[PDB]
Structure formats: structure tokens, C-alpha cells
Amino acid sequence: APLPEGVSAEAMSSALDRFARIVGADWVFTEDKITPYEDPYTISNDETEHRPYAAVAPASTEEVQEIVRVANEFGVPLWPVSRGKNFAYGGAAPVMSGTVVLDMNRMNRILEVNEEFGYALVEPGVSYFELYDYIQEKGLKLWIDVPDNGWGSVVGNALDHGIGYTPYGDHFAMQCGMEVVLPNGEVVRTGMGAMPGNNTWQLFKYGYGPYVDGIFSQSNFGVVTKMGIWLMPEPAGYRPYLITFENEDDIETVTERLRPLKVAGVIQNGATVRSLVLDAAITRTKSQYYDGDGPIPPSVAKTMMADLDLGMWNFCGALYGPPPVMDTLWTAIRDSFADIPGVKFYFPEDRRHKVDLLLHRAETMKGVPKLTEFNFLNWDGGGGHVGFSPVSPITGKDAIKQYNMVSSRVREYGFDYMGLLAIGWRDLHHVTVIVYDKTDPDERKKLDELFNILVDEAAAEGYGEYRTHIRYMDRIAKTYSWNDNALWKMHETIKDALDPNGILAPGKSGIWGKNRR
């Protein structure tokens, strides 16, 4: 780990000393204890890149504030993580080496769960597992909404615009109220929490005046120390389904049919249409169907589909509510797809495998945290992953163009194509997942190169990334370049106003601050 540029050993040493006084000497980590904070899915081949210098683990908001005041005095940068499980995005590691990680794992109090109003107020350390377990224990009739990684932070995930698979799938949309330590060490509360004596912090997003909560998501404009989130009341009924399509070209008409269903909200959760290999790899690995080094051939695809009762495309969704509602919505959904040759429709009871994609996703779509999804990392013997999830119109043409662009490249590079088409509400994402051997330098180099080209080519077709790995944060920022990067010039203006010393997470979302820019 290099020192961060511009920062002396005397400075970094005096700071680490004062941090230790603030949080106690037990909660300042260095040297050997810093490896948990390295990116678990190494992309770079240069070991001077994305290296944390140290980590400090405060117990409270006020300790966070003192840390930040100290960081300001010594010019030492901080990289805040809630729990730091941002796997595929860098884990807990900074964009910039020398950055001291601010690990808020120990701030894990569930401050409130309110059944009657359907919310929680949580600290950054609270995991999905913990919140879920708290709810189950108290018997509250509330669902949470989990990403495929159950170990993540409710806070951290939402601040990064993460998603899940219930009607409450847009995590940051369900955010309501936050406490923030600003980069100068001042503490503020957004919304109704700015009003002393309110009982409305988790009931009404705006409060009064400029709506600023969003500026602390995908941002280095502050450290979030408390955050509210809305929780769905247990519904009166729940039916998960899987609809399979046999032909790779079906995704065009499938996307066309999904469009009105999503816009009108007939489909109540995110639509996910996953490619064969991405779904297969939940229950199977490559060597069980194909011994070659290259991607699987069509004949092997067909075998896999026949074994697993999957298609080339697999649409998982769920119905929620009283049976009459669920039946009516299902009529509309099923009728939208029934005339496509080869289509098949499944509820859980129709699956003949007891370990099965639908049975797994059934849990995720009712907000049960699991680690099952990490299975796809075993596809080629064990590896890391990176994901590329640009936004596009919900159009057949856009869906199949991205499929064609991505699969051809990915397969040319020797990887299997693992993709899905995700629809939030009016937004389509073609999500590429590439599993690679992160221990092999030749494979990292190929991945890095493939990734860049995918990004470049997608951007030119008008498809921009909304969430990315620490390594590509600058690159993605350059996508949004209208009027000579006018938006990022504004971000930098706010950055310098709130963080003149540039001590919060230099490089996050490609925002640097005047000192490093």
C-alpha cells in the first residue's frame, strides 16, 4: 500500500494516531489486517492500484465526525463503507490507493422497525440477514427487499442505487430520511428529521426545501450514519412464476410484450429474463456438460435446456396480493406470451427438480436473503465476476441488439455469455455478467479489455451504465459528457463547497475535488 499522493508519513502517522484515540487502538487496522478490504475480484495487474492504507472502525456517528475532523486536519482521505460487501464493484477497496477505509460495520443498530407504518431506521452496519432475522424473531408482518448478495448493507446497497426483486426493488427509491456527517464534520438530518420532535422522518421523503437525500447516493458528499427505508407489508398472497423461451431470438418479441406490462405495473416486481447459462450456473457448472476450453456450443445448450427445463431465456416474476388480483394479473401476463412457439409457463409445483431456478428465485422475490446466487461464480471452476448493466429503452430491437453485441464479444474472448434483461419500471437493462479467473493475470487482462470495449460500444449505441466497479468509475463518468461534462463540473462545484480539502473518497463516481483534479 502506497501512501496517498500529497500526504506525508508524518501526517498519515499523526492521523492514524488520533483515529486510535477516537475509536480506541483496537479499531485501527493496518498491514496484515487490511487484506479483507482488498477487492476480492482483482481486475488490475498493477498491485499499486486500489490499495487501502489502513481502516478505522468507529462505534458512533460522533466518532465518525471526529474522524472526519481529523482527516481534514492532516489531509488524509477516507473511503466510507457500510459493511463493504460491494462484490463485483471492488468490495471495500478505494478507487485511490493510500485512502484510509472508514468501516462502519460496528454501527449496526436497528434503531427502529415500525410495523404499522412499514419502515425501518438502520445504521450502516445492519445487514439484510440481520434485519430479516430481527423481523422474523419479532413476528412483524413485513418483507424486506434483498439483492442477490444477502451479506450487503441495507444502507450501503441503497446508496449505490442497488436493486432487488420485490415490488420494493428500487432500494434508494424506498429510502426515507437520513443522517449525514458532512465532509467538514458537521452532522445534518434530511427531510422531516431536520425538524426536532417529528415522528415523520420515515413517513415523508421531502421535508421542505431542496430535496438533497439523492446527493449522498453514489457520492462522496458525505458519510451516511442513519437511514430510513420503507418496508412492504406482508401481502395477502404470493405466486412466483417462470416463463421459458426456447429460441435466442425470442427475446425481441418477449421484450416488446413485457413493455406495456411493466409500464402499467401489471408485473408488480422487476422483470428479469436471464440467459440459459446464467440460470444453469445456479445449479450446474460447465464441466458437467462440456469439456472444451471455449464457450459451450449450441448442441450443449440444447442438452442443458432439456435437463433443467430452462429456455435460452428465462423470465422470472411474481404475483403479489389476494388471489383474485393475482389471477387477473396472471391472465394478462400469460396471454401476453402464450402464442410464442416453444413458450412454457411454470409455477413452483410444476418444477420437477427440487433444486431449481424458480424455487431459488421464489425466495428472492419474497425478500428472503440468500447466498445461492454466488453459485454462478463456479461456472468455470471458481472465479470472480464483473457486471455491466447499462440503461436502454424497453424495446425488442434494443434488447436483441445488445444480446448480439455482447454475446459475440464475450464468446470471442473465451467466456460464456451470461446475460439478463432486467426491467425496473420504464427502464431496460441488458446486464452482462462475466465470470473470470481472478487469480490468473492473463484472464484479468482479457476481462479488463473486454469490459472496456463493451462499455465503449454500448455507449455509442446510447446505453449508459448506472452502477460500476471502483476501477471503472472515472470511465463511466465520462459517458455522461453532454456539454463538455457540464454535469460533472457541477458535481465538482458541490464537492469543493462541501469538501474543500477533498478528504472524502476521492474518485467515487469519478468526482475528485480541486486538490486531485
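Heads up: residue numbers just count along the shown sequence, starting at 1.
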Mean Cα B factor from the PDB record: higher for 288 to 296, or higher for 163 to 171?
288 to 296
5 to 13 or 492 to 500, whichever carries the higher mean Cα B-factor:
5 to 13
Name the one of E123, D145, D442, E179 with the greatest CA B-factor according to the PDB entry.
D442
Could you tell me which one of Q218, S275, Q202, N86 shows the highest CA temperature factor in the PDB record?
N86
Can you work out whether the C-alpha temperature factor of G228 puts it in the lowest, middle or highest third of the chain?
lowest
Considering only modelled residues of the same chain, in which third does the CA B-factor of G222 rank: lowest, middle or highest?
lowest
Chain third (lowest, middle, highest) by recorded CA B-factor, residue given as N452
middle
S481 CA temperature factor, ranked by third within the chain:
middle
In terms of the chain's CA B-factor thirds, is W151 lowest, middle or highest?
highest
